[PDB]
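Undergrad:
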RNA sequence: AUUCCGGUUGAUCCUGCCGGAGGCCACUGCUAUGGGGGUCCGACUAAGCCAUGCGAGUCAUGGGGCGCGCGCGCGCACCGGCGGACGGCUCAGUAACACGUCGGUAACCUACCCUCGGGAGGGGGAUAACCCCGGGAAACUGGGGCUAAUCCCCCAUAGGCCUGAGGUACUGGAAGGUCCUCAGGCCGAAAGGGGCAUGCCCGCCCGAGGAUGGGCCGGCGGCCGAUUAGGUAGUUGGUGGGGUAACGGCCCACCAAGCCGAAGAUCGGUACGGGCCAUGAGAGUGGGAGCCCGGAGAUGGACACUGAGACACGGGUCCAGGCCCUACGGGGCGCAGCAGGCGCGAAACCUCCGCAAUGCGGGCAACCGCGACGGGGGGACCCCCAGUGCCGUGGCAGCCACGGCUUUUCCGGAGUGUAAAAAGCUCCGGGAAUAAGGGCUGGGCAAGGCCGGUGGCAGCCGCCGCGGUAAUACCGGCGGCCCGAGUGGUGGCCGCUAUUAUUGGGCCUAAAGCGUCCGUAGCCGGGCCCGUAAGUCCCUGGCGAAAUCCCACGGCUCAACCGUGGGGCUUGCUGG
RNA sequence: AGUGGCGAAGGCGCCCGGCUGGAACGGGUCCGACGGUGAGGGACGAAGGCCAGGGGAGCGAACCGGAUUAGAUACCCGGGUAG
RNA sequence: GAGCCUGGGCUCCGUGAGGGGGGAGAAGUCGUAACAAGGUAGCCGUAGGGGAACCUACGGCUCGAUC
RNA sequence: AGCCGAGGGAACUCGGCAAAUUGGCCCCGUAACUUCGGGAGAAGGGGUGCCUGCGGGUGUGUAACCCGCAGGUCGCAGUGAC
RNA sequence: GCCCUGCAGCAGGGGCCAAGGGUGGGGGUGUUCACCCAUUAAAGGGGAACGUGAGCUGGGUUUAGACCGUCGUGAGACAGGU
């Protein structure tokens, strides 16, 4: 026999040089300030996994089937991609932009803690951003629904003072 | 695979092309069998000499075989005395 | 090639009846031969260290064991390899703690806390019978232990009955037979840890074991084997489950 | 050495290639040809697999003859009519199933002396 | 993503093959900042050869004795006891009851362990250490004297085994079994020792059973070859015996003529078997070094001793073939153990620290030992998360000038961490500074109709095809596109391929109907009625180790990873 | 004499007589699924060729001659062996 | 029951005077057999003959043109 | 006209002339090639005495002729010479 | 045993005296000679009725038998072979 080897968590396209895919991925990379295509591809893989689980469970009879259905719906509600009164057909209308909106970089931008996505990435990586209580340095953390309101500046950080030059330059936008 | 050079030669290109392709006969060290290998690059034959050890790859072709307009040759030179031909031909390294 | 018996055991190869981490290390304590089987027992050091948490290493456990601070069936046990099994009693008199060993509906062994009164009784299942010299009857029980009885009272002991005994001194009290209204506790199989009353027995030809049907107090019926049906009471239990 | 472990041919008639050595468990021993004695009796002792004991008779003088529950210890004269090999009657070699003469009469051996150390026989009617 | 694109013609539609474009494994060129986790690293050729050091010991509470200090305490060796048959390495051989699964032993063995029931009576002996004298180059080894034991021997009693005649108490589905009585016989136990103390701890022998571990048997299941067609002669069975722990042609004596085979025997080739893995929408194709379970081997081959267990990797004997020491008389060795070396090759690491954790052996215990195990060192082994700056103003088309900010990373330090360290984590000081390349640029296929050189030479090229004086296709320069701490080259497998087609291909003309008929096995088979219930269907009991796979929750910053639980996998077997 | 007919196919044309195989039509006749295809095996199978024996008109491979041709081991002409 | 020797069977490899045909390769010699009725319509089978493509005879096919 | 000859073994000679080797019976096993009848006793190998016994075939047969096996023992040698 | 040298030594070349001793074994061929091998101090050439058949052998050659090739109408021949 042959033993186990750890496998990738992202997929690559079938052809590397198709104009439409290139254009779309270019636009997304630019507008969400990503470093590579690996990140885009692994978010897309998350989506595809959700979508395959739904396709499988749909019309499957038993008990484990309904258990897994409810598990999936609750997981999505917790991540923040679906409301509570949702159904198994609302999954197939999801897109990748939602998975892209559920990451720290984007949330830190949409919340007014940073002027740009690159600035938000720098903050996260240098350790100025806090979650409920913690310091996380991974701009692809996939923030949950109960934490989106506990995101602030860290106690030990110059930005945590209201009179910091750069924090004033940031508040000058709003 | 690895072998030792015995003879430097030139082969005719097939029709409707006109050119000489530079090659060498190589006597392998595993089994002693003699084969022929093409020297790629502009001037790669001058960075070679008899009794030099050289490493041999496949040339790249249909069914692990002859490629393009030089049939009869299945192999290709990669390294000369433990240095690479690409570097020797670009001018970045030297043959000891 | 192997020239003899085994003396080690790896953690990925340990039985499923154990609560153990299999990837943390490579080696596990191989039990020594003893009363119960390997698929039905767990050593003592795992109890002292991983279940109750009175020690973090094995030196400490050996040290408490070599001082008589732990009993099993009213007896002192100093061997960290001794196998503990079902219906057995673990007693710490320095902490006033008494536990009874039983399985789950999953098949794993646990510790059910009991009282000092019920800690002095242990049920046994008669597994076979023999006639030995002096014309005496020897009952072979389910933990591999044995009891002697006279010929005059041979018809009262059969091969599936249950016997309650004071544990250290090993004196009998309150035999319990195998009938069509007796209480039961399943010990192995798919329906392990269930409980109910007997309804029907069934026999088969040429080597295949006998089957028994049982009814739980919710009213549902289920079958299993007759050697897996431990008898613990007539209408209600005598021990705590 | 007496292997006594396995056959090197299949019933179809094909050949077999031993994939391993000859183990020690599989081995056997050479036979005791229990003879009628002249002066004494001879017994060997043998250690065995699990640390156990076997007793071999080599020479015999006395037999235990039974007639309906009553046993007598008598002597062994010429051996007669061993139905297992022609030469055994001549060599006066005793086996199970052999017919022997005693001071009383003819008797059949019901024991295995190479395994037990005694010759027990039943008298003929 | 259940996918297509280029190539036979002056142009067209087909068949059919070659190539591209995706993924995984091994070698390799250029280039390279930092962490974490993990079942990664002399497997492919040579199961080829090995210099040095380590890889298996422990008990002083079994016994006598020597030395050092105050009968006591410390230490050394000797006799004695248990262990060394596990663990660790490798894939040569093996097409086999070797492996997997279901069953069986009413045909068998088992030291360490548990329960119960019973015993420890009476005598004897030697011999190591110690002292005298030694021999031999060594390796090894002789004589004499003195002594002890949980050392050895002997009597007895228990008990063990065989047979014959009876009784029927037990188990079981079923007694060549167990129990009772009688009779005739062979073998034949034990250490009341040691310690504390004024009874407790550790122990010795017998029996009945279990557990642990093994031996043997059976049904089912899983490669290729007919340019391999007949093979077998203890071969197939029976009667009687020997031998084994035990059944058995396992072996022997005698009587017979059977056993396997076209549904492919025998022979030959390759190959450790599975859980698993890679790929694919799936059916399916291919592989089975690393972790687990099983098997086999220790330079080739054969044979034995001791022991519960071996025909014994670090114990023995011989032959063959290799090497070493020698005072030439004689002696010794085989890394497929950890490191290290030579050789072979395209192809694989430090002659490091520790028994603190997990475990094994020994020991009443305290505890000692372990290249197993754990911990670091080297390596583009696999996976996860990041970096090589950000902001604002202005000028251009991502860059530059200017003005400020931050410190992941870098430099230095204090704690914690750790067996000790290191790394990692918390804090402090300095400072944008300490850190992008590789392939491509005619079409397929994303991206230059720009400039200089070469001039059918030199060279490119998976395929089509460029190059013969204005080369978008060579070489270079400047620009541009793909991926990105990685990117390219060679070889192998799956897919592409409905080019192996059960799902799901084709045979007038492109590859392809036997020249035509009759028929054996085999496959396919008309309509109604009654029965059985073998296939098939449903419900349920007992099995198909764990890891691996899917899901949710929780613990390491999230993750990779680990844990709890719920499902599948285990291509299935079996009782109703 | 047919674009025709019989035959499993190969193949079968003067007339009369004898022996023999198979198919179609018609049929309130008989049996009662006895059937299809057929690995391996078998039977038939143009011309030419071989063996053994007979026969031998015409035609005619090989062969020999005359022409034609740059040549002509051929096409055309005259003879001829096997068949 | 090793090793040694001897004979036999199966099987793999290396080599050898001389000869045989196959496949590629700028440009050579002799002919002109196939495509048009290709200048004697072509091709299957059997046999004989010839420097070579090829030619003839017997039986067949049309994948043969003109009337 | 005959018998033996150490160590070597055709170096003798036109030439292995002359001499020597093998040799009966039972069992095992036997090639190329072939006109499928042969080759073929191919080749190559093992065994073989005396004594004490046990069995089988035909037969009425402790008349007669034949066929298999065990054990014991002696010798340099068992178709012991021919 | 000596003399000359285009004789350093080891050797070679050329010549004088000397006939006491030695000058062998094998391969193909009927051979003599000639050729070849391995050794050796070297492996000389000739005469004696081409020494030696009232000493041997008997391969070759020159009878009587037969085969092939050439020559000849033929009978037959060949200083041609077997």
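Residue numbers (the working numbering), protein chains in the order written: chain A, 5 to 178; chain B, 4 to 99; chain C, 133 to 373; chain D, 453 to 577.
Cβ atoms here follow ideal geometry from the backbone N, Cα and C, with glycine treated the same way.
Determine whether the beta carbon atoms of residue 44(B) and residue 14(B) lie at a separation below 7 Å.
TA: Here residue 44(B) corresponds to residue number 41 of the second chain, with the count starting at 1. Here residue 14(B) corresponds to residue number 11 of the second chain, with the count starting at 1. No, Cβ-Cβ distance for residue 44(B) and residue 14(B) is not below 7 Å.
Undergrad: Leaving out five residues before and five after residue 121(C) in sequence, what residues of the same chain have Cβ atoms less than 6 Å from its Cβ?
TA: Because chain C spans 133 through 373 in this model, residue 121(C) falls outside it and cannot be assessed.
Undergrad: Which residue wins for smallest C-alpha separation from residue 365(C), given the options 325(C), 316(C) and 193(C)?
TA: Here residue 365(C) refers to the residue found at position 233 when the third chain is read from its first residue. Selected option, being the one with the closest Cα: 316(C).
Undergrad: Using a Cβ-Cβ cut-off of 7 Å (strictly less than) and excluding sequence neighbours within five positions of residue 63(B), which residues of its own chain qualify?
TA: As a first step, residue 63(B) must be located in the second chain, where it is residue number 60. Counting only Cβ-Cβ distances below 7 Å, and skipping sequence neighbours, we find 70.
Undergrad: Between the C-alpha atoms of residue 106(A) and residue 219(C), what's the straight-line distance to the nearest angstrom?
TA: Taking the first chain and counting its residues from 1, one reaches residue 106(A) at position 102. Taking the third chain and counting its residues from 1, one reaches residue 219(C) at position 87. Near 54 Å, if we compare the C-alpha coordinates of residue 219(C) and residue 106(A).
Undergrad: Closest to residue 483(D) by C-alpha separation, out of 577(D), 505(D) and 565(D), would be which residue?
TA: Working through the fourth chain from its first residue, we reach residue 483(D) at position 31. The option with the nearest alpha carbon to residue 483(D) is 565(D).
Undergrad: Mind checking which residues open and close the alpha helix (DSSP H) that includes residue 36(A)?
TA: Here residue 36(A) corresponds to residue number 32 of the first chain, with the count starting at 1. Its alpha helix (DSSP H) spans residues 23 to 36.
Undergrad: Shortest alpha-carbon distance to residue 141(C) belongs to which of 133(C), 170(C) and 260(C)?
TA: The count along the third chain starts at 1 and reaches residue 141(C) at position 9. Of the listed residues, the one whose Cα sits closest to residue 141(C) is 170(C).
Undergrad: Beta-carbon separation of residue 328(C) and residue 348(C) under 7 Å?
TA: Position 196 of the third chain holds residue 328(C). Position 216 of the third chain holds residue 348(C). Yes. Within cutoff.
Undergrad: Considering only C-alpha positions, which residue in the set 179(C), 301(C) and 157(C) is nearest to residue 206(C)?
TA: In the third chain, counting from the first residue as 1, residue 206(C) sits at position 74. Ranking 179(C), 301(C) and 157(C) by Cα distance to residue 206(C) puts 301(C) first.
Undergrad: Residue 551(D) and residue 545(D): beta carbons closer than 7 Å?
TA: Looking up residue 551(D) in the fourth chain gives position 99. Looking up residue 545(D) in the fourth chain gives position 93. In this structure, residue 545(D) does not lie closer than 7 Å to residue 551(D) by Cβ.
Undergrad: Would you mind reading off the limits of the alpha helix (DSSP H) that contains residue 565(D)?
TA: Counting from one through the fourth chain, the residue named residue 565(D) turns up at place 113. Unbroken alpha helix (DSSP H) run through residue 565(D): 565 to 568.
Undergrad: Please classify residue 254(C) as buried or exposed, where buried requires at least 16 neighbouring CB atoms within 10 angstroms.
TA: Within the third chain, residue 254(C) is the residue found at index 122, counting from 1. By the neighbour-count rule (16 or more Cβ atoms within 10 Å), residue 254(C) is buried.
Undergrad: Comparing alpha-carbon positions, which option in 362(C), 281(C) and 297(C) lies nearest residue 311(C)?
TA: Taking the first residue of the third chain as position 1, residue 311(C) is located at position 179. Of 362(C), 281(C) and 297(C), the residue nearest in Cα terms is 362(C).
Undergrad: Suppose you measure from the CA of residue 13(A) to the CA of residue 143(A); what does that come to, to the nearest Å?
TA: Taking the first residue of the first chain as 1, we reach residue 13(A) at position 9. Taking the first residue of the first chain as 1, we reach residue 143(A) at position 139. Straight-line Cα distance between these residues: approximately 17 Å.
Undergrad: Can residue 8(B) and residue 86(B) be called in contact, C-beta distance under 7 Å?
TA: The residue labelled residue 8(B) in the question sits at position 5 within the second chain. The residue labelled residue 86(B) in the question sits at position 83 within the second chain. Taking 7 Å as the Cβ cut-off, residue 8(B) and residue 86(B) do not qualify as a contacting pair.
Undergrad: Going straight from the alpha carbon of residue 385(C) to that of residue 358(C), what length do you get?
TA: The question about residue 385(C) has no answer here: the residues shown for chain C are numbered 133 through 373.
Undergrad: According to DSSP, residue 231(C) sits in a beta bridge with which residue or residues?
TA: Here residue 231(C) corresponds to residue number 99 of the third chain, with the count starting at 1. Answer by DSSP bridge pairing, in chain order: 222(C) and 245(C).
Undergrad: Indicate whether residue 215(C) and residue 173(C) have their beta-carbon atoms separated by less than 7 Å.
TA: Position 83 of the third chain, counted from the start, is the residue given in the question as residue 215(C). Position 41 of the third chain, counted from the start, is the residue given in the question as residue 173(C). Yes, these two residues count as a Cβ contact at 7 Å.
Undergrad: Would you be able to state if there are at least three C-beta pairs under 8 Å between the segment 507 to 521 of chain D and the segment 454 to 470 of chain D?
TA: They do not touch, by the three-pair rule.
Undergrad: Residues in the same chain with beta-carbon distance under 6 Å from residue 268(C), minus the five sequence neighbours each way, listed in chain order, please.
TA: Reading the third chain from its first residue, position 136 is the one you call residue 268(C). Cβ neighbours of residue 268(C) beyond the five flanking positions: 280.
Undergrad: Are the segment 102 to 118 of chain A and the segment 135 to 153 of chain A in contact at 8 Å, needing three or more beta carbon pairs?
TA: The segment 102 to 118 of chain A vs the segment 135 to 153 of chain A: in contact.
Undergrad: List the residues that DSSP assigns as beta-bridge partners of residue 255(C).
TA: What you label residue 255(C) is simply residue 123 of the third chain in a count that begins at 1. 296(C), per the DSSP bridge assignment.
Undergrad: If we count the other Cβ atoms within 10 Å of its Cβ and call it buried at 16 or more, is residue 251(C) buried or exposed?
TA: Your numbering for residue 251(C) matches position 119 in the third chain. Looking at its Cβ environment, which holds 16 or more other Cβ atoms inside 10 Å, residue 251(C) is buried.
Undergrad: In chain order, which continuous runs of the beta strand (DSSP E) of length 3 or greater are located wholly inside the segment 341 to 372 of chain C?
TA: Entirely contained in the segment 341 to 372 of chain C, the beta strand (DSSP E) runs reaching 3 residues are, in chain order, 343 to 347, 353 to 357 and 361 to 365.
Undergrad: Quick one: using the 10 Å Cβ neighbour count with 16 as the cut-off for buried, is residue 121(A) buried or exposed?
TA: Within the first chain, residue 121(A) is the residue found at index 117, counting from 1. With 16 or more other Cβ atoms within 10 Å, it is buried.
Undergrad: Which of the three DSSP states is assigned to residue 315(C) in this structure?
TA: One-based indexing of the third chain puts residue 315(C) at position 183. DSSP places residue 315(C) in strand when its eight states are reduced to three.
Undergrad: Count the other CB atoms within 10 Å of the CB of residue 190(C); is the residue buried (16 or more) or exposed (fewer)?
TA: Reading the third chain from its first residue, position 58 is the one you call residue 190(C). Per the 10 Å Cβ criterion, exposed.
Undergrad: Could you give the uninterrupted runs of the beta strand (DSSP E) lying entirely in the segment 492 to 542 of chain D, keeping only those of 3 residues or more?
TA: Those beta strand (DSSP E) runs which fall completely within the segment 492 to 542 of chain D and span 3+ residues are 494 to 499, 505 to 512, 514 to 519 and 522 to 527.
Undergrad: Is it buried or exposed, residue 54(B), if we count other Cβ atoms within 10 angstroms and call 16 or more buried?
TA: Taking the first residue of the second chain as 1, we reach residue 54(B) at position 51. Exposed is the call here.
Undergrad: Please list the terminal residues of the continuous alpha helix (DSSP H) segment that includes residue 73(A).
TA: Position 69 of the first chain, counted from the start, is the residue given in the question as residue 73(A). From DSSP, the alpha helix (DSSP H) with residue 73(A) extends over 68 to 83.
Undergrad: What does DSSP give as the partner residue(s) for residue 559(D) in the beta ladder?
TA: Taking the fourth chain and counting its residues from 1, one reaches residue 559(D) at position 107. Paired residue(s): 552(D) and 575(D).
Undergrad: What are the boundary residues of the alpha helix (DSSP H) that includes residue 43(B)?
TA: Within the second chain, the letter at position 40 stands for residue 43(B). Counting along the chain, residue 43(B) falls outside any alpha helix (DSSP H), and DSSP gives it neither H nor E.
Undergrad: Indicate whether the contact test is met: 3 or more Cβ pairs, each with one atom in the segment 151 to 166 of chain A and one in the segment 28 to 39 of chain B, closer than 8 Å.
TA: In short, these stretches do not touch, since the Cβ pair count stays below three.
Undergrad: Is the distance from the Cβ of residue 141(A) to the Cβ of residue 129(A) below 7 Å?
TA: In the first chain, residue 141(A) corresponds to position 137, counting from 1. In the first chain, residue 129(A) corresponds to position 125, counting from 1. Contact flag set, yes.
Undergrad: Buried or exposed: where does residue 234(C) fall if 16 or more other Cβ atoms within 10 Å of its Cβ makes it buried?
TA: Here the question's residue 234(C) lines up with position 102 in the third chain. Counting Cβ neighbours within 10 Å, residue 234(C) comes out buried, since at least 16 surround it.
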